[PDB]
Amino acid sequence: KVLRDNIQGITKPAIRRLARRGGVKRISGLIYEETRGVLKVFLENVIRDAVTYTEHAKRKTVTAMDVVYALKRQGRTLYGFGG
Amino acid sequence: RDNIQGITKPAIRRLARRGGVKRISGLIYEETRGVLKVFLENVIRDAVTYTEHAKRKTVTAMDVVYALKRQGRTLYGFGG
Amino acid sequence: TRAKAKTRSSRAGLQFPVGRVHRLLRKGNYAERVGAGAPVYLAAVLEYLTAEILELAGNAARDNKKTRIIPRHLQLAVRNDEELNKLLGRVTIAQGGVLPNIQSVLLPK
Amino acid sequence: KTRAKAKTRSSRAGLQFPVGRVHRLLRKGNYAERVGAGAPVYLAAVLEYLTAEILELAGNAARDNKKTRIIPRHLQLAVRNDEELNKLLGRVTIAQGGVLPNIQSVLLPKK
Amino acid sequence: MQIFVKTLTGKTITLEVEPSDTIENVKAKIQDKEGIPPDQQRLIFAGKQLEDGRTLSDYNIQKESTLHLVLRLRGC
Amino acid sequence: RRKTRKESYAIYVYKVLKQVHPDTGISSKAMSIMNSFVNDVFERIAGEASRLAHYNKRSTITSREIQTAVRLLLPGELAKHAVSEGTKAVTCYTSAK
Amino acid sequence: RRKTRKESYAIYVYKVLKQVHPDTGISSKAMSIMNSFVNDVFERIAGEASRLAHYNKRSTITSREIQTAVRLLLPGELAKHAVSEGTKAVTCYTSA
Amino acid sequence: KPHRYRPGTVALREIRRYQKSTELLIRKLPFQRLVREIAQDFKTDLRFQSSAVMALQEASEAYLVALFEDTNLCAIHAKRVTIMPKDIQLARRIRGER
Amino acid sequence: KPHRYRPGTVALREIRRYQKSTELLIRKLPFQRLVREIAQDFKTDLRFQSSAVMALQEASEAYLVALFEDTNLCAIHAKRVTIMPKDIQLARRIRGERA
DNA sequence: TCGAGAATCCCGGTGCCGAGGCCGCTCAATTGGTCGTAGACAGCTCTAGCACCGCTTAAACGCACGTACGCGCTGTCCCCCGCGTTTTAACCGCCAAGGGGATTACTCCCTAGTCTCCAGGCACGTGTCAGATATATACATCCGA
DNA sequence: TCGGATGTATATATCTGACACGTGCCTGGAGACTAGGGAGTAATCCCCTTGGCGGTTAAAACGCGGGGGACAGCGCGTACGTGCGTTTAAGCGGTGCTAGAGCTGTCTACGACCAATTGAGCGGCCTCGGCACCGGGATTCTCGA
């Protein structure tokens, strides 16, 4: 089934909470769309690499190892999920 | 041996001018000298480590390139 | 006759497996031949680093009056030490969190 | 028992880069236990394509400034003006290259 | 109009197109009359390289023009 | 006098240059830069292919690993054109013998 | 019907932990984190040693390559202490 | 008459609370749907392991937190308290991203 | 009366002239002396090839030029025209070099 | 609005050195043949990933109100910029001496490969206590007065 | 400057699922022996590094006048934080089902290895044309009135 309009699932309070953890105090009213765009770009890159990796292995299920390798390839290594 | 003073003020001004700066304050020079000293310290330490492992007495152009590449600052055109 | 077997780790007085490290070095496609002294050095270095991190994390855990170690304690131990922080500058730890800092300007008058 | 005339492996594929040298470098470079019979051809083709592209752009840059030879400045100008090539060589500095001629708009004289 | 195009072999060949003719159809006609594939060649008029989607009307190419023809040898 | 031989990519680069731009020279510094560029790209692709082969517990390097490494390293249009060129070269080599 | 064997660094990490803090346990996720850390450091050091051996037209990796790689990778005090530990361990092994 | 806090107190309270904890902040199902829709463009009829989704969420959240920290520093540098889009743009430009 | 340019013209002229060319900007001998003095600490009685000194000079100049560009952007972001040490500090902090 | 000085570019003539091409030869890529095993294909078993349905309640949404902060404008004071004069050391050319990098031959010993044997580490099952919840209470902190 | 209301920290009962430990066993690591090539060591050659002296001339250093930019203070109006009532779907607990991951046999085509040999590529020489340099005139700007 084709999905559409899911970028709006990232609600404004969630971005507010992330900023609060980051240490911000006051937020302007135009930040949310920019944050959505940035997150979209990052996810596109990582998912592209992971799908290439799972394609090479002649599989059809994306495994955690593919995500770990894709993240490591860009110098953003992640600890706690194997490998 | 206060050889760090050999980096004259006009030279720093020329570097900034090539960088695209139009006006320069009066305290940039000390910061520039410190930054340059730190960078040179790191690179030369790595190069000397390579040379010592190779069991030699003169540093070569090659291990400078190796040390630069180790820090993700690759250089082209010096026999790499 | 034959003598009783003694592990190489026991000979070197270590707690990490020398033979396994030797096998991994041989099968990892690093060089044509592997000497007989590299595994001991590698095992010693790995043991030292593990002991350092574990001691710091255990201190942090005992600070918060708890008996076990959870990833937050590891993150606190790593991020509060200069050299360990520099060694792991591009690594994210799951379930870690952040360091509680607030800029001085934002504080109330 | 008459051995035939030798033909280079590069000639069969219609290439210019040396297939045999690349095969030897792959075998002796400690990358895997065994190397297939198709990897060197692929690698040679890829390297040839990249070299040809960069050379074409640099030659255009050199011809632009009424010169018949290529110098490092022309290579730097060719690389830094193409977004994909600039992305590829993101962390590479070229000796005797220089910088692109830009000026921030605010610094320009008033009126 | 009529054009004269010289190649790297020192030979000049006449060509009959219109000012609004794009380089695609001109290349196709040259291939028909010579056998040279359209994508293997590239042309200079007054020190400028042509564009396949462009024509000679915007490029200001008229009758009795002299164009330089240079090979682009590519493939496998 | 005894001198050790040194290998380079100078002659092939010059052949390609004369193939694309018939009348254009090149100085020594540019040749050194091109040599370094070729060596760097070769090392990157070979290392990526070796790691990829090691992940799937296989002991051979084939054309598939090279294709996947090329698709992983380069940006979009360059990857597409390079893949096309490599496949064409392999087909032409296999056909002739 | 039993599964295959998966190698890990479990026993040695637990032994070292009991050696340092005798009355402290550890949970599963921290344990996986430590496993990944050990593997990553091992890979970094081994790769640096292999490149160093290649540069010098040599076909074997010995203790000297490991020592120089350790000096290149780690920061100052960690490098000094690790070098001391490694040389002590190698000497003790060779003596017996 | 009703007791109201002056503007700014609850912000600091939230800062402390969310810097004391470790749990995830973005909800699960919207993130999963976003991941699936994004991945749809590369190969149709794909399937995912749950740990893969969890790893993606953790990495993305860490990246966003670091970016917001740098953005706050940039905003503070110019005698301001409220962050604005140009701060995000400047931070991303300096970090070395296109 | 002597003919003087308004403050600012010569700066732009120097900008254009210096980013049109491709030479080195620091005198060779003082740089060589500084390199030798820096290296003296790690090991005694060292020797250097000329190409090594040249490579070090090129790398240092490129690094400094890039840093100055980032500093200028930081300075402009705050509605100023003159660069100041705090701009350099902020650029280095964001870049991830300074701890 | 307009015109006198400076700085830059286009053109022509002259000379130098490194880029492009030619020879000779030695080492490495070809050709032809054999052998062993790495992986490709077919078959089977069982797990976990996707789909659905119902209920509860916590979170997201929309609205009203007030206030503190972002931004423009003015004024002042001082500190870099452009220019002229004096001082200095960088660069170029040339000459001497010798340390250490780069080969070549010789020899001992450290490591890969094979066979036999056995005990260390991993999968599986079981128990109990460290900690997460819930409840109540005492204390620190903020905003008008 | 005090005092009331709110949020946060502190003390106690309690019950559950994860951590620590005991077993069997089987496959990986150790003991003993050979044989062979990689690496250590000594001797030799000569190239490139360091060191010194004279000049010359461009670049660095110093002083001065002044205009433009950095910074503090003021006023205004608007966008954002806080609180409350309503609406929505996320989260949890089950029940089905099957597509596909993971393991086992076997069998052949593909890559490693070896001996003979010949032509591609590298080092040394040399010759001349493209580019660097110098002098002159036309052009394009900037600042004051």
Per the filter on region B:9-34, residues more than 8 Å from chain I (Cβ to nearest Cβ) and either among the aliphatic types (A, V, I, L, M) or within 11 Å of DNA strand K (Cβ to nearest atom) (or both) are B:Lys9, B:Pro10, B:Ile12, B:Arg13, B:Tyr29
Within chain B, helices (runs of 4 or more DSSP H) holding 3 or more residues that are in contact with a helix residue (DSSP H, G or I) (Cβ under 7 Å, 6 or more places away or on another chain) and more than 16 Å from I:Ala59 (Cβ to Cβ):
B:9-19, B:28-53
D:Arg12: facing another protein chain (nearest Cβ under 7 Å), of a type in the set (D, E, K, R), within 12 Å of DNA strand J (Cβ to nearest atom) and part of a helix (DSSP H, G or I), yes or no?
yes
Note: among H:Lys43, H:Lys86, just one is surrounded by fewer than 18 Cβ atoms within 10 Å (Cβ to Cβ) and assigned to a helix (DSSP H, G or I), namely H:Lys86
Identify, by number, the condition in (1) over 15 Å from the mean Cα position of the chain (by Cα); (2) more than 13 Å from DNA strand J (Cβ to nearest atom); (3) more than 18 Å from A:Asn45 (Cα to Cα) that H:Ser50 doesn't meet.
(2)
Answer yes or no: is there a residue in region H:43-61 that is within 12 Å of DNA strand K (Cβ to nearest atom), within 30 Å of C:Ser104 (Cα to Cα) and within 7 Å of chain A (Cβ to nearest Cβ).
no
Which of the residues that make up region A:1-53 are small (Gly, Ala, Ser) and under 18 Å from the mean Cα position of the chain (by Cα)?
A:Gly9, A:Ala14, A:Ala19, A:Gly22, A:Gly37, A:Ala50
List the pairs whose first member sits in region C:52-70 and is within 12 Å of G:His21 (Cα to Cα), whose second member is hydrophobic (A, V, I, L, M, F, W, C) and part of a loop (DSSP other than H, G, I, E, B), and whose Cβ atoms are under 8 Å apart, counting only residues at least 6 apart or on separate chains?
C:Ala57/C:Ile69; C:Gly58/C:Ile69; C:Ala61/C:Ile69; C:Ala61/C:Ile70; C:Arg68/G:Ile26; C:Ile69/G:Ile26
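Residue check: is A:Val67 in contact (Cβ under 8 Å) with a residue 12 or more places away in the chain and of a type in the set (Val, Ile, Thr)?
Working: in contact (Cβ under 8 Å) with a residue 12 or more places away in the chain: yes; of a type in the set (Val, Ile, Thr): yes.
It is true that A:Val67 is in contact (Cβ under 8 Å) with a residue 12 or more places away in the chain and of a type in the set (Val, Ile, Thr).
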In region G:1-24, how many residues are in contact with a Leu (Cβ under 8 Å, 6 or more places away or on another chain) and within 10 Å of DNA strand K (Cβ to nearest atom)?
2
Just the residues that are within 15 Å of F:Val16 (Cα to Cα), surrounded by 18 or more Cβ atoms within 10 Å (Cβ to Cβ), away from DNA strand K (no atom under 13 Å from the Cβ) and of a type outside the set (S, T, N, Q), please, taken from region D:6-51.
D:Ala45, D:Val46, D:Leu47, D:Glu48, D:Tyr49, D:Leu50
Region F:56-66 - residue that is part of a helix (DSSP H, G or I) and more than 7 Å from every other protein chain (Cβ to nearest Cβ) and, of those, nearest to DNA strand J (Cβ to nearest atom):
F:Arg64
Could you list, in sequence order, all residues of region D:56-87 that are part of a helix (DSSP H, G or I) and away from DNA strand K (no atom under 16 Å from the Cβ)?
D:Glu56, D:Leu57, D:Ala78, D:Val79, D:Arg80, D:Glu83, D:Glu84, D:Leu85, D:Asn86, D:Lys87
Select from region G:25-44 the residues that are within 7 Å of chain C (Cβ to nearest Cβ), within 8 Å of DNA strand K (Cβ to nearest atom) and not basic (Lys, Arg) and list them in ascending order.
G:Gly25, G:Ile26, G:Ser27
Would you be able to say whether some residue in region H:7-27 is more than 9 Å from DNA strand J (Cβ to nearest atom), more than 24 Å from A:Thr77 (Cβ to Cβ) and crowded, with 19+ Cβ neighbours inside 10 Å?
yes
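Which of the residues spanning region H:7-36 are hydroxyl-bearing (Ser, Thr, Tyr) and within 15 Å of A:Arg26 (Cα to Cα)? Let's see the steps before the verdict.
Initially, region H:7-36 is screened for residues hydroxyl-bearing (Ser, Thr, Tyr), giving H:9, H:18, H:21-22.
The one that is hydroxyl-bearing (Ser, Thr, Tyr) and within 15 Å of A:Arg26 (Cα to Cα): H:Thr9.
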Pull out all pairs, ordered by first then second residue, where Cβ-Cβ is under 9 Å, the residues are six or more apart or on different chains, the first lies in region I:9-27 and is part of a loop (DSSP other than H, G, I, E, B), and the second is surrounded by 11 or more Cβ atoms within 10 Å (Cβ to Cβ) and of a type in the set (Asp, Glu).
I:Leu24/I:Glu58; I:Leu24/I:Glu61; I:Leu25/I:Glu61; I:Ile26/I:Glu61
Do you know which residues across region G:14-23 are of a type outside the set (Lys, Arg) and not in a loop (DSSP other than H, G, I, E, B)?
G:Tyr14, G:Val16, G:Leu17, G:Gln19, G:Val20
List, please: which pairs have Cβ atoms under 6 Å, are six or more places apart or on different chains, and start with a residue in region C:25-41 that is within 7 Å of chain G (Cβ to nearest Cβ) and under 15 Å from F:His54 (Cα atoms) and end with one that is more than 8 Å from DNA strand J (Cβ to nearest atom) and not acidic (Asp, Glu)?
C:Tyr30/G:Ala46; C:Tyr30/G:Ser50
Complete set of residues in region D:88-99 that are part of a loop (DSSP other than H, G, I, E, B), without any contact (Cβ under 8 Å) to a residue 24 or more places away in the chain and at the interface with chain I (Cβ under 8 Å from one of its Cβ atoms)
D:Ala95, D:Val99
Residues G:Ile26, G:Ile11: which one is aliphatic (A, V, I, L, M), in a loop (DSSP other than H, G, I, E, B) and either away from DNA strand J (no atom under 14 Å from the Cβ) or out of contact with any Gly (no Cβ under 7 Å at 6 or more places or on another chain) (or both)?
G:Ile26
Are there any pairs, at least 6 apart or on different chains, whose C-beta atoms fall under 6 Å, with the first in region I:78-90 and at the interface with chain B (Cβ under 9 Å from one of its Cβ atoms) and the second within 7 Å of DNA strand K (Cβ to nearest atom), and if so, which?
I:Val81/B:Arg23; I:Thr82/B:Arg23
Could you list all residues from region B:67-80 that are more than 8 Å from chain I (Cβ to nearest Cβ) and in contact with a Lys or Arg (Cβ under 9 Å, 6 or more places away or on another chain)?
B:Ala67, B:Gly72, B:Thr74, B:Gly77, B:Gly80
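If you go through region B:35-43 one residue at a time, do you hit one that is surrounded by fewer than 16 Cβ atoms within 10 Å (Cβ to Cβ), at the interface with chain I (Cβ under 8 Å from one of its Cβ atoms) and of a type in the set (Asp, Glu)? Outline the logic, then answer.
To start, the set of residues in region B:35-43 that are surrounded by fewer than 16 Cβ atoms within 10 Å (Cβ to Cβ) comprises B:37-38, B:41-42.
Restricting the remaining residues to those that are at the interface with chain I (Cβ under 8 Å from one of its Cβ atoms) gives B:37, B:41.
With of a type in the set (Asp, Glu) added as a condition, the list becomes B:41.
Within region B:35-43 (the criterion being surrounded by fewer than 16 Cβ atoms within 10 Å (Cβ to Cβ), at the interface with chain I (Cβ under 8 Å from one of its Cβ atoms) and of a type in the set (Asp, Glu)), the answer is yes, since at least one residue qualifies.
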Among residues of region H:28-42, those that are more than 11 Å from DNA strand J (Cβ to nearest atom), facing another protein chain (nearest Cβ under 7 Å) and touching a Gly at 6+ places or on another chain (Cβ under 9 Å), counted
1
Here are some conditions: (1) surrounded by 15 or more Cβ atoms within 10 Å (Cβ to Cβ); (2) more than 18 Å from the chain's Cα centre (by Cα); (3) away from DNA strand K (no atom under 11 Å from the Cβ). I:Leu34 meets all but one. Which one does it not meet?
(2)
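Looking at B:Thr8, B:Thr32 in this structure, which one is touching a residue at least 24 places away in the same chain (Cβ under 8 Å), hydroxyl-bearing (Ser, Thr, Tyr) and over 29 Å from G:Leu74 (Cβ atoms)?
Working: B:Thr8 fails: touching a residue at least 24 places away in the same chain (Cβ under 8 Å).
The match here is B:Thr32.
A quick note on method: Cβ atoms are made from the backbone with ideal geometry, for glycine too, and the neighbour counts reach across all protein chains shown. Every number in this text was worked out from the coordinates using simple rules, so none of it is lab data.
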